[PDB]
């Protein structure tokens, strides 16, 4: 209903009423189109307690997006291998849109249209805007990527002071990806809400085709067997007025008492 129980029954949606569809690997998936969720960013943070979610990959991948560097090796230095040059990925699109790409050894600042900042600039000036958006979809660059963004874009909305984010994710797996990126885009709200000096209202998670791999069924069926435990509430120690100034040590996650994974 209100919480992780949205997601947790999104599995019981696709494991029951889910439709047979095929995966780009060629493995079978159970699919569903057009889901939606609302996760509460006030008083708490939505990190999955049903299965332990990788937190510091969630944190380091983001700051890697805020940097604008598309590379494996930079994040592999954090002992994070989840990702040479991936091409013009989110990190590029966020900070530079419509800028000619060579590789990430080239400096892409000064160029494109920086979305992340243009969202920030617009929040402190225009109290109300529906046009504040970060788009990861550029069909010209896309063929140059190692993979099209599963997260097409986000949009920000402010009412009575509290910031809300909706992220449109065209495709996600319930076992691996969406739990990860739930934290990921709920993480960005906290950040931009911080700079703009606003609060955290809600995170709306919108999914296109949402599947479950036919391996992950029983694994997912073990997970739902577990009563979810109370979400964490996140704190930001150092108050930062720049977006590229955020790093790991400014983050303290309290209240994570997940279950043994897999």
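Numbering follows the first chain given and starts at 1.
- Unmodelled residues of the deposited sequence between residue 83 and residue 84: 10 or more.
- The mean Cα B-factor in the deposited entry runs higher for 99 to 107 than for the other of 186 to 194 and 99 to 107.
- The question of which stretch, 165 to 173 or 143 to 151, has the higher mean Cα B factor is settled in favour of 143 to 151.
- Across the residues 217, 58, 204, 233, the deposited record lists the maximum Cα B factor for 233.
- The PDB entry assigns its highest CA temperature factor, among 31, 50, 40, 36, to 50.
- Annotation for residue 226: C-alpha temperature factor in the highest third relative to the rest of the modelled chain, per the entry.
- When the CA B factors of the chain's modelled residues are split into thirds, the value for residue 16 lands in the lowest one.
- For residue 93, the recorded CA temperature factor ranks within the lowest third of the chain's modelled residues.
- Ranked against the other modelled residues of its chain, the C-alpha B-factor of residue 9 as given in the entry falls in the middle third.
- Looking at the C-alpha B-factors along this chain, the one for residue 136 belongs to the lowest third.
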